[PDB]
Amino acid sequence: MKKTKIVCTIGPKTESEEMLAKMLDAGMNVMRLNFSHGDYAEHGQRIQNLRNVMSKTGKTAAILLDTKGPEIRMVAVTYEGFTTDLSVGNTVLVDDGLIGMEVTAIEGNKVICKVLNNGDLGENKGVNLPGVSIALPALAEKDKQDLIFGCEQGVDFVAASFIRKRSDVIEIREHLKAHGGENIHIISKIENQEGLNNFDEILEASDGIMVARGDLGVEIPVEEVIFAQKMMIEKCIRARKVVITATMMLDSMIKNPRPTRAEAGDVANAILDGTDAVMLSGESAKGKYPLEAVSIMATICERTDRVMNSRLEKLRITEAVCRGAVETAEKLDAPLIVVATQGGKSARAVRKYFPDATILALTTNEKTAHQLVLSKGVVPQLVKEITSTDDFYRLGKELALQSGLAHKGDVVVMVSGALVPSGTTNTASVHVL
Amino acid sequence: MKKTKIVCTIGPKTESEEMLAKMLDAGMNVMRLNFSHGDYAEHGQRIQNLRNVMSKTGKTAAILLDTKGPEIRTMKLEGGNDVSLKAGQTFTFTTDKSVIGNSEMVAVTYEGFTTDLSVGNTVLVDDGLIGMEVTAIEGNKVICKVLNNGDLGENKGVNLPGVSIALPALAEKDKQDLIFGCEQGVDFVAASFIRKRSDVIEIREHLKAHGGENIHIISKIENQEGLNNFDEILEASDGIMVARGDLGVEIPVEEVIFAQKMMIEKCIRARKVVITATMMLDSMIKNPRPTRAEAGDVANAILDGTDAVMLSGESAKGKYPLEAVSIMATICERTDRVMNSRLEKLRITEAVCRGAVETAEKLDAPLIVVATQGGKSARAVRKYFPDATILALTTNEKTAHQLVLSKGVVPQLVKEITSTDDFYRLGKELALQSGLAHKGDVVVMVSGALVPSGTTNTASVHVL
Amino acid sequence: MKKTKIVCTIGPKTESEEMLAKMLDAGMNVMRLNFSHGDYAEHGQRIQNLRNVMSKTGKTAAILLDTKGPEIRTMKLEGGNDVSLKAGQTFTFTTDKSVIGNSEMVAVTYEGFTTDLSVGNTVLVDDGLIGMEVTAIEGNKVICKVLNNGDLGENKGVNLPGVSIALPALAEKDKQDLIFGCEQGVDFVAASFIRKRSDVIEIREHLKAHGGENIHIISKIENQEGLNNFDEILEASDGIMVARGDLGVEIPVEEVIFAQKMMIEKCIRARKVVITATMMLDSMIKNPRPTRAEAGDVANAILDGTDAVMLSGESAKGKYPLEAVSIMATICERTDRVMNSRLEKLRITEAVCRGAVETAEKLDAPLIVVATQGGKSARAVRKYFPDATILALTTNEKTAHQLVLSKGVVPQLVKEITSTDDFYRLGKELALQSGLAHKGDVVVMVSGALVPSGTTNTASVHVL
Amino acid sequence: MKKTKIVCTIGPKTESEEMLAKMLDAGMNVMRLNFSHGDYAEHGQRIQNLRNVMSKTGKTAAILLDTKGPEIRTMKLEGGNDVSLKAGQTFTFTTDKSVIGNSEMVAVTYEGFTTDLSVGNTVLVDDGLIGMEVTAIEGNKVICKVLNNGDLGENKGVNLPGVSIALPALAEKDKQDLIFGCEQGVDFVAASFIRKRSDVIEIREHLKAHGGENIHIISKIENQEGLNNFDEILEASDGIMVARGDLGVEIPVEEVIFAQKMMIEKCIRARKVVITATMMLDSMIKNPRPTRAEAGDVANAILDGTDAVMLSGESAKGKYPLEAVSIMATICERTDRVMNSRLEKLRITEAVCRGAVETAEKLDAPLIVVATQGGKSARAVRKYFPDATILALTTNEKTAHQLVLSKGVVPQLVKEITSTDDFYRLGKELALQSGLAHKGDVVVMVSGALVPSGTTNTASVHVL
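Residues numbered from 1 in each chain as written, not as in the entry; some residues may be left out. Chains lettered and ligands numbered in written order. Heavy atoms only, no water. Residues with missing side-chain atoms left out of burial classes, pairs and counts.

- The name given to chain B in the PDB entry is PYRUVATE KINASE, with the source organism recorded as Escherichia coli.
- Per UniProt, chain B has the following entry under Catalytic activity: "pyruvate + ATP = phosphoenolpyruvate + ADP + H(+)".
- In UniProt, chain B has this text filed under Sequence similarities: "Belongs to the pyruvate kinase family." (UniProt positions renumbered as here; feature names shortened; annotations may be inferred.)

- As recorded in the PDB entry, chain A goes by the name PYRUVATE KINASE, listed as coming from Escherichia coli.
- For the record of chain A, the UniProt heading Pathway holds the text "Carbohydrate degradation; glycolysis; pyruvate from D-glyceraldehyde 3-phosphate: step 5/5."
- If you open the UniProt record of chain A and go to Sequence similarities, you find "Belongs to the pyruvate kinase family."

In structure tokens:
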């Protein structure tokens, strides 16, 4: 059964309970909500329906909120500081890369440029200032209400748009914490050369990364974009942080109930690079065939996961422990690695080595039972309490057999923290069911 | 410099010497002649031109003749107008080549469309535009049921999943194209729609009848039968062309990457070339820049491990053909750059050619000089993805051109090589001459010695 | 500090408390009681002196009772006068125990001497002093030709190299000695002349009979038959004593090293103690420094991988016992200090314990703390030759004592460990208080959880 | 069968063509002439005797000159009677070679005794028989306190544990020995008591002045100074002899094995021969079979990786010199048999030669044919302990001689090789001819090509 997770952007064609239950069945794991449209009571109801389908069925799913972030769209440009922040020689581009201009003069409220290439300029096009740094907040007074709605509803993840550096992340995170959303994970969307160059620092600040290669492409040389993707997936796998692969996934399916062979290859290679999750935007949100897309997407995942291997080859404790747990599991042919988590780090720590076995992750934490839904190959499980290391062993032996994920006489490797604080994974323990 | 080779389909937009020189200058290595169109006088000239440029410049290049192969076409419609088909509708295929079609029925060029197809099977028209499962067969008719909405034009292609189409390996015309190619002396022949071992042997027997015994046969796997017979098809051929677009029509979508990755992997093991072909930078037929999706697709096939990536319409008829070769070259360069050598029943040649590459690497040699007759040893070194350029010395002119298709090899025609010490002596003179290395560079040299041409058996480390 | 354990034979010149305490200081770990000698009253006070030194000092040692064994000896000569035998002469052994021998004939204590032997067989008398070849077995006579000049004394040992001897597993006195062994509650019994599995089973039965079921049987391999059946013998035993001198008078000399190395290796694999025993520092029976060659042979046996090295008469009855222990122990520390862990069907215990050592090494842990009931999981950890010391906590005393014989384990006896977390709390307390580790140090802790005695399943890492 | 080589000391009881011939049959590879004994006529005849046997049989051997070397000895006693020294007594050595001593004073041969020694230093006399500690040095007297009881005889050896002695590199008769050594064209010279690089540089200059520039210098490491300077000594030597007995009287016991194994390790890595030399089978001087412990000591020295193992008194002045060679050789065959290649700063020869052994093993080659001018490539391929035999081809007869000492090489003097292919051609003729390999065997062939003497840069695989 598939291991990599499917994020499905849900809008009004798909928000019903009956569809949401269908889409969970087809392999949806996370509802993405893209607040570049809609009204709050609509969205608020879109959440409740999923949360109803969840009670009604026993399925887990996570909720992820998208923020739009900063934009810049003789023509008239939205951004008043355009003239300040641009510089002589700079390369402006309009309409996702279509026309490139080089800045010759800026006088007053005017950036006068020389057009470098032919193109048909229209209404409301994108302006990209590659290199150039923009003084717009990561999170402007306008998208901030989106966030607050998000904390209020208690979404699991926030994907933040147009992240260019550490500071940006920290400013999304200081917002959330101002409103009770401190336990909400931030996924940073690298959509530009600046964010790209600042990735390692964007990565230490965030909880994950959304690889938006479409957006990124506009800004950097084509022959660099896959390599950006691969690097960022690899850097995320190492850090133990979720990474979604997001843009241009199965786009044809907004018009067709079957994907291009080049889309499928492109989704399969991202999974092979090592993602946690693959994303469906309009295919599930606006298009004519949303349940078709989730289902083909799920067969691509399943077919791809199932040929992939484990990945075992200062040195840290959690790293030694969790690498041994997976090495030992596969050695002993265990179907499962059963893990105790508070905030998820150690289910994430095990997953980093791409286990054959399923991670069944026991938490008493609700947010982290949901959040873990976005981690590759992980099945979260909310438990009432784990009182001791032997209790954990005893409980997880019950839930493993009970899970149907293993049977009597199966070997199961159990991973947890014992006499340590939350941050750490420190003991591994093999058991026969 | 780029190690993977670029095969460019030359058309009349590119066939000139001044444009062919530019293409060799942007990074084209192999000229593909698509005999699904054109004529012998034209292709004859396209050949002479390249041979002229290669003479004019001193560049090397290979010439690949692509066969059109067996097809099933639907034929003509009433008044030559497209008809609109619709789901659940009965449609019917007729074997009568003079029945003109409408939205109820067409005729198909293939006389055994019934004799072969079977009640229940899938029929797809215009490269999978329209799908249809069979519900009956009677007489000269395949009575079908239409599964989705489309418009049927005239003369469309028919893809018959599963159906062992008993069409022959060589078309009526295909034989005369092959004969043209033997006469012209082309280096490779890429043969379309290879379903089994016997299909290969039928092209090889054809070429052998005509002085083509030394021509390499690149089999195009374009359907499920060919896939299922890959290992045997590969034992029989000299290389493989992965046709992704074609296979995409023929097999489930989630299988194609894996059909590609699987075929490239086995080609490398077999020491035979592999071209990754359809659906590369097709957008560049209208656009002077590629998709991010396209440049990505290309990079992943180089990373999978191809020898060569192929330009079709983008260099044959597209509006921006020199741009394709250049961005296709920068993608190559960029990708090879970050690739590693892969070193981790005995075979003497595997043994020495793996050592010689592992040593090159440890000693930081710029070059591996290899001595070949038919290219095997240079192909056997290439199998471990050396960092080092393989400079391969031949006295055989054909295998000198043929070798231009292999990854990161640079062929060089030499007068004779008289002995093992002479090889070492001559290859150092040419290694310095090549500008691929310099004084005090180490150079591993690979060759056979007191052995027949099959075998590569000795290696030698030299400081220039 | 040294990791390989020293077994010291205790006799009357070193049996005192003051001396026992010095030797414990020098490196003694195990007191061997050789029952070739002494009475039960002596060995009893011997055992008592050591127990009082352990009381008074908190040192732990073990007590290993070494049987004398069944034997074939020659018996009494005319007048008690040694005789000189000549190369080539005839000589006869007689099963007849009444015959007072001379220059032509002796009696041997073994009734089955004619049965066991064969024409062509070699008989060695007095530690291979004299050899002879069997020329005819007639009646109660074995008639031989003398292979070399030598002097026969009374009551000499006989070795039948290559021959199976149907002597019993235990001499009569041996059975009477073993019950004393049970009474006294010794930790080990080393059983002499072990030839086959059945011998070991017998011995186990005997001890089991007298409440001695927790006493470990160390099988002494002293000849070819025993070497032949070593695997099935090691299976039935708790460990092995490699008696090199005996093997050297029984099997070809060039074989004895590989006998030693094979048996230490299979003991390590089976997770069972091995003692390297005879001919260690015998020169120190007379001198206060060992030979160069003596020092090398001990060192090589530790590098082979023994748990323990043995002193015999040079700590029991020699003139420099305390110097023997000391230099023995300096060879020990010197050799241990340069050995490496050994990390490279699959079981749970082996998987866990090898992860324990491997992780310990990676994380620079001074200590691996194990909780044992019967000693196994300390021995399972010891198999990989860790750099860390193994603190092994038991509530079981006999095992706390037997674990003293195991390479580089520091046993220690505890009230109780109630749970797995209790274990990790307890072992950190004792790890710090042991002075083996200090605050900041990592400590890998190994145990069994929700499993019965047999099994080591879990492992935790902690910083002190 | 065996690969490790045997140096045998030839003395009176063994010097005859009949004897030497059986010696060679039994395992002898090198004749050691020990120049602590015997006039030049004697050694001259032994030299001739051996060269006769070789000629008359086609056998190869080498001849090695073992210098006596510089010494400190005690001198003459009153009336020439042994004096018994008592522990705690005062005892003085005098630099006055006029004095005739007794139980309180002796003269020594060494004038620098007083200089080199220090209060607190240990003096040993008669191979460690009596030890003493310096209490004061006054004038030409080193006043001591005797450490243990013993009879000092006359003309006894003195060892100064850990003291740098400024005796010269060479004794006066040593120089005259080395000149005879040159006239005789011996193949090696094992120089005695080598303690710093400058000593070797001297011995080399002496041989060079007498036309012995082709003679290899084996440095004997006999004390702590030699050991601390072993890296630069090894570097200026062609090889090493480990004098264990002497190291035993000079450095801490527990340290001697390690000194051995270190020095064997470093000679392997350096591609220079190493001989393990003293106290191997000394018991066999009086006895026809060796000791268990002696057998073990030889086997371990072989597993450490020696080229050669040395006999002394056993073959020179023993009772059973041919018994000794035989069991030594059985010990060799038996141990060599169970050892493995060692495959697992970036240089050419090391790469080619590792690859060759590496390739030979993969392909199971019985044989590696090497072409050598001064033996280096034989010694380079030997470094990895190939399973295969090295058949080493030279036109140089000295190296064909010296290569006799290298582990598992079979020297072959050939009339020429004119090219690399000429090599490959001849190496198969000889490989088949040699009975070592047979039709169908793989044979790996290693040489230099387009390179001067120093370098091994080409390897080739051939089927016979």
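So, next bit.
A few points about the sheet that holds strand β18 (residues 389-394) of chain C
The strands that make up a sheet pair up through hydrogen bonds in the backbone, lying either parallel or antiparallel.
At step 1: Strand order across the open sheet formed by ten strands is β15(A)-β14(A)-β13(A)-β16(A)-β17(A)-β21(C)-β20(C)-β17(C)-β18(C)-β19(C), with mixed pairing between neighbours. Looking along the sheet, the strands with just one partner apiece sit at the ends: β15 (378-382) of chain A together with β19 (409-413) of chain C. Taking the axes of each pair of neighbouring strands and ignoring which way they run, one obtains an average angle of 20° across the sheet.
At step 2: Across the face of the sheet, helix α16 (residues 389-403) of chain A comes into contact with β13 (336-340), β14 (358-363), β15, β16 (411-416) and β17 (427-432) of chain A together with β21 (458-463) of chain C while running at roughly 135° to β13 of chain A.
At step 3: The sheet contacts of helix α16 (residues 420-433) of chain C involve β17 of chain A together with β17 (367-371), β18, β19, β20 (442-447) and β21 of chain C, and relative to β20 of chain C the element is tilted by about 135°. (Pairing = 2+ DSSP bridges. Helix = DSSP H or I, 4+ residues; strand = E, 2+ residues; numbered from the N terminus. Axes fitted to C-alpha atoms, helices over the stretch in contact; angles between N-to-C directions. Contact = heavy atoms within 4.5 Å.)

A few points about the domain arrangement of chain A
Residue and element names in this part refer to chain A.
At step 1: Domain assignment breaks chain A into domain 1 (2-69 + 138-304), domain 2 (70-137) and domain 3 (305-431).
At step 2: Between the C-alpha centres of domain 1 and domain 3 there is a distance of 25 Å.
At step 3: Both sides together, the interface formed by domain 1 and domain 3 hides about 2500 Å², and carbon and sulfur atoms give 53% of it.
At step 4: The largest contributions to the domain 1 side of the interface with domain 3 come from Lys 3, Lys 5 and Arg 240, which together make up 26% of the buried area.
At step 5: Our enumeration of links across domain 1 and domain 3 arrives at two salt bridges.
At step 6: Where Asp 276 meets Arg 351, a salt bridge forms, and the shortest distance between an N and an O atom there is 2.9 Å.
At step 7: At the boundary of domain 1 with domain 3, the tally comes to 22 residue pairs in polar contact.
At step 8: Only β1 (5-9), α9 (222-239), β11 (242-245), α10 (261-273) and α12 (290-305) provide two or more residues apiece to the side of domain 1 that touches domain 3. (Domains from an automatic or database assignment. Buried area = accessible area lost by both parts, 1.4 Å probe. Salt bridge = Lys/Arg side-chain N within 4 Å of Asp/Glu carboxyl O. Polar contact = N/O pair within 3.5 Å; in protein donor to acceptor, adjacent residues only side chain to side chain.)

A closer look at the interface of chain A and chain C
At step 1: If you look at the interface, chain A gives 24 residues, while chain C gives 25 residues.
At step 2: Elements represented by at least two residues in the side of chain A that touches chain C include exactly α13 (317-331), α16 and β17 of chain A.
At step 3: Grouping the constituent residues of the side of chain A that touches chain C by class yields eleven nonpolar, seven polar and six charged.
At step 4: One ladder, built from three bridges, connects β17 of chain A with β21 of chain C; its direction is antiparallel. (Nonpolar A, V, L, I, M, F, W, Y, C, P; charged D, E, K, R; others polar.)

Remarks on unusual backbone geometry
At step 1: A positive phi angle, near 50°, is found at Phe 354 of chain A, a position not held by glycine.
At step 2: Within the element layout of this structure, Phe 354 of chain A appears in the loop between α14 (345-351) and β14.
At step 3: Overall, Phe 354 of chain A belongs to the buried group, its relative accessible area being 6%.
At step 4: Of note, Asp 364 of chain B is a non-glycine position whose phi angle comes to about 60°, a positive value.
At step 5: Residue position: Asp 364 of chain B is located in the loop between α13 (348-362) and β17 (367-371).
At step 6: In this structure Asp 364 of chain B comes out as exposed when scored by relative accessible area, which is 65%. (Buried < 20%, exposed > 50% of the residue type's maximum accessible area, 1.4 Å probe, protein only.)

Examining the packing of aromatic side chains
At step 1: One pass over the structure, following the stated rule, counts 22 aromatic pairs over all chains.
At step 2: With centroids separated by 5.6 Å and ring planes inclined at 55°, the aromatic side chains of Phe 423 of chain C and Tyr 424 of chain C adopt a geometry described as tilted. Here the two residues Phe 423 of chain C and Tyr 424 of chain C agree in accessibility, since each one is buried.
At step 3: With a centroid separation of 6.2 Å and an interplanar angle of 45°, the aromatic rings of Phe 35 of chain D and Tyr 40 of chain D are classed as tilted.
At step 4: Among the aromatic residues, ring-to-ring pairing joins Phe 35, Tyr 40 and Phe 149 of chain A into one connected group.
At step 5: The ring centre of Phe 354 of chain A lies 4.0 Å from the NZ or CZ of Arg 311 of chain A, which sits over that ring.
At step 6: Between the NZ or CZ atom of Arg 351 of chain A and the centre of the ring of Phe 354 of chain A, over which it lies, the distance is 4.6 Å. (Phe/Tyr/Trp six-rings, centres within 6.5 Å; stacked < 30°, edge-to-face > 60°. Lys NZ or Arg CZ within 6 Å of the ring centre and 35° of its normal.)

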